[PDB]
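Under the entry's author numbering, the first residue of the sequence shown carries the number 1, and numbering increases by one thereafter.
From the three backbone atoms N, C-alpha and C, an ideal C-beta is built for every residue, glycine too.
See structure below.
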Amino acid sequence: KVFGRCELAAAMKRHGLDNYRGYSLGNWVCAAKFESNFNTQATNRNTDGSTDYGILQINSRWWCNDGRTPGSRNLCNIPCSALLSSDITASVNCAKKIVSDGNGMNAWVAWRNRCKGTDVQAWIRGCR
Ligand code: NA
Ligand code: NA
Ligand SMILES: [Pt+2]
Ligand SMILES: [Pt+2]
Ligand SMILES: [Pt+2]
């Protein structure tokens, strides 16, 4: 599924991301836009043997298990295929685990580079 910005905002907000650990909703929407272009099925297979999965491009070394990545920690306790679902719940829950495990949103490179310090509210502006 490829989400709209406002549909993704509403789905994220139902799952508690607005103001999660002091990161407003727009931050989360902005991160998804620049990680995956709102596509739940996005994958990026890396040269280090790891893969980035789903709408938030969560990586298979530390966070989810794809069975083929060296160094697997599986800290979200999920198969990476769960992060390719058309509903976002597993991705959102894993993203909250990532922040709970001592990370800011800096853990997402596209957040750092494309959202940090910008008018992130644009990504929710005009939405119900
Ligand atoms: Na994801
Ligand atoms: Na892992
Ligand atoms: Pt829901
Ligand atoms: Pt939830
Ligand atoms: Pt839900």
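When DSSP labels each residue in this structure, what does residue i get in the three-state scheme?
i, result
"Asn113", "helix"
"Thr69", "coil"
"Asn44", "strand"
"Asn19", "coil"
"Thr118", "coil"
"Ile98", "helix"
"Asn93", "helix"
"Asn39", "strand"
"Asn59", "strand"
If you draw a straight line from the C-alpha of residue i to the C-alpha of residue j, how long is it?
i, j, result
"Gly4", "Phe38", "7 Å"
"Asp48", "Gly16", "33 Å"
"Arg73", "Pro79", "12 Å"
"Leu25", "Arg125", "11 Å"
"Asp66", "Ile55", "16 Å"
"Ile88", "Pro70", "26 Å"
"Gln121", "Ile58", "23 Å"
"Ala32", "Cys127", "16 Å"
"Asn44", "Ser85", "16 Å"
So residue i packs on residue j, CB below 8 Å; how close in whole Å?
i, j, result
"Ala82", "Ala90", "4 Å"
"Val99", "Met12", "At roughly 14 Å, the Cβ-Cβ gap does not stay under 8 Å, so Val99 and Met12 are not in contact."
"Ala110", "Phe34", "4 Å"
Would the C-beta of residue i count as close to ligand 3, meaning under 8 Å from any of its heavy atoms?
i, result
"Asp18", "no"
"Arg14", "yes"
"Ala31", "no"
"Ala11", "yes"
Can residue i be considered in contact with ligand 4, in the sense that its beta carbon sits closer than 8 Å to one or more heavy atoms?
i, result
"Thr89", "yes"
"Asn77", "no"
"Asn39", "no"
Flag residue i as yes when its Cβ comes closer than 8 Å to any non-hydrogen atom of ligand 2, and as no otherwise.
i, result
"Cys64", "yes"
* To do: List in chain order the residues whose CB is within less than 5 Å of at least one heavy atom of ligand 1.
  => Any residue whose Cβ sits closer than 5 Å to a heavy atom of ligand 1 makes the list: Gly54, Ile55, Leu56, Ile58, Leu83, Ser91.
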